[PDB]
Amino acid sequence: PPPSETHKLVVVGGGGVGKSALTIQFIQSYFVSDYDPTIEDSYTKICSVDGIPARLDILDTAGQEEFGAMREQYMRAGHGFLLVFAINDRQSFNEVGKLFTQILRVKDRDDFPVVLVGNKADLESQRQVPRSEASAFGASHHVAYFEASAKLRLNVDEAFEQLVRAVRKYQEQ
Ligand SMILES: Nc1nc2c(ncn2[C@@H]2O[C@H](COP(=O)(O)OP(=O)(O)O)[C@@H](O)[C@H]2O)c(=O)[nH]1
Ligand SMILES: [Mg+2]
């Protein structure tokens, strides 16, 4: 039952990058390889980060294009964003640039809680975005970057946990 340790988190990124697979890994701790791309759902997880309990309300977006809500709605409501691309899809990496610019336009500041996730780390030979390039993009935006694999449950908890940290330090203002 935490108090202002209740955080509305939004998972955003291009289709097919692993938003559902990542979110389901965090909530359910197993890999779903074929999650209905049309389903946009919110989840809740109560968990401890840095020794402090937190209520996390996580929206797994299906995109505004066909199936989901207009993004400005949940982008305004969101307390923190998990910005996902896939390391074997440069177009998905371009899409996170666009999403980042939109978030900071909606918040009217360049310092809102965001964590960058490059998913599908298990497909190293298929990489299209160098780790150094993705890292630079994160650094230039003052955010943490994780390479994750929803398939192998690598850096799933760690990415979401870091996002909670960013939201906390932000609202220490
Ligand atoms: N190899 C690999 N494939 C993944 C990973 N995460 C998701 N996928 C695959 O990527 C596709 C899209 O994943 P999904 O969770 O539906 O992505 P979403 O559209 O962003 O919600 C599916 O075919 C998944 O099996 C991963 O970590 N590694
Ligand atoms: Mg999905």
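Residues numbered from 1 in each chain as written, not as in the entry; some residues may be left out. Chains lettered and ligands numbered in written order. Heavy atoms only, no water. Residues with missing side-chain atoms left out of burial classes, pairs and counts.

If you check the header, you'll see the entry was determined by X-ray crystallography and the resolution is listed as 1.65 Å.

Counting secondary structure elements, the chain contains five helices and six strands. Moving toward the C terminus, one meets the helices and strands of the chain in the order β-α-β-β-α-β-α-β-α-β-α. With the C-alpha coordinates aligned to their principal axes, the bounding extent of the chain is approximately 45 × 35 × 35 Å. A fraction of 73% describes how many contacts in the chain between residues 6 or more apart in sequence connect residues 24 or more apart. (Helix = DSSP H or I, 4+ residues; strand = E, 2+ residues; numbered from the N terminus. Contact = heavy atoms within 4.5 Å.)

Where strand 5 (residues 114–119) and strand 6 (residues 144–147) come together, four bridges link them in parallel fashion. Paired with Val115 across the two strands is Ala144, which belongs to strand 6. (Pairing = 2+ DSSP bridges.)

What follows covers the pattern of salt bridges. Counted according to the given criterion, the structure contains nine salt bridges. Across the pair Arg165 and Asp50 runs a salt bridge whose closest N-O atoms are separated by 2.7 Å. With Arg165 in helix 5 (residues 156–170) and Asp50 in the loop between strand 2 (41–49) and strand 3 (52–60), the pair connects residues that are 115 residues apart, well separated along the chain. For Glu133, the salt bridge identified is with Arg90, shortest N-O distance 2.9 Å. A residue pair is termed long-range when its members are at least 10 positions apart, and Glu133 in helix 4 (residues 131–140) and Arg90 in helix 3 (residues 90–107) qualify at 43 residues. What makes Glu133 partly exposed here is its relative accessible area of 31%. Look at the salt bridges and you will find they share partners, linking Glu124, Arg127 and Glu147 into a network. (Salt bridge = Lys/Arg side-chain N within 4 Å of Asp/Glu carboxyl O. Buried < 20%, exposed > 50% of the residue type's maximum accessible area, 1.4 Å probe, protein only.)

Not every one of the 18 residues close to ligand 1 is listed here, only the nearest: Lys19, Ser20, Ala21, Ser33 and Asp122. Residue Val17 places a main-chain N or O atom 3.5 Å away from an oxygen atom belonging to ligand 1. The separation between a nitrogen atom of ligand 1 and a polar side-chain atom of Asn119 is 3.2 Å. Burial of ligand 1 by the protein amounts to 81% of the accessible area it has alone, namely 580 Å². Comparing atom positions with the cavity grids shows ligand 1 to sit within the largest pocket. Here the shell around ligand 1 takes three residues from helix 1 (residues 19–28), the largest share from any one element. Counted by class, the shell around ligand 1 contains six nonpolar, eight polar and four charged residues. (Near = heavy atom within 4 Å. Polar contact = N/O pair within 3.5 Å; in protein donor to acceptor, adjacent residues only side chain to side chain. Areas by Shrake-Rupley, 256 points an atom, 1.4 Å probe, with all protein chains shown as cover. 1 Å grid on protein atoms, 1.4 Å probe; cavity = no way out; pocket = protein on both sides within 12 Å on 5 of 7 lines; lining within 4 Å. Sits in = over half its atoms within 2 Å of the grid points. Nonpolar A, V, L, I, M, F, W, Y, C, P; charged D, E, K, R; others polar.)

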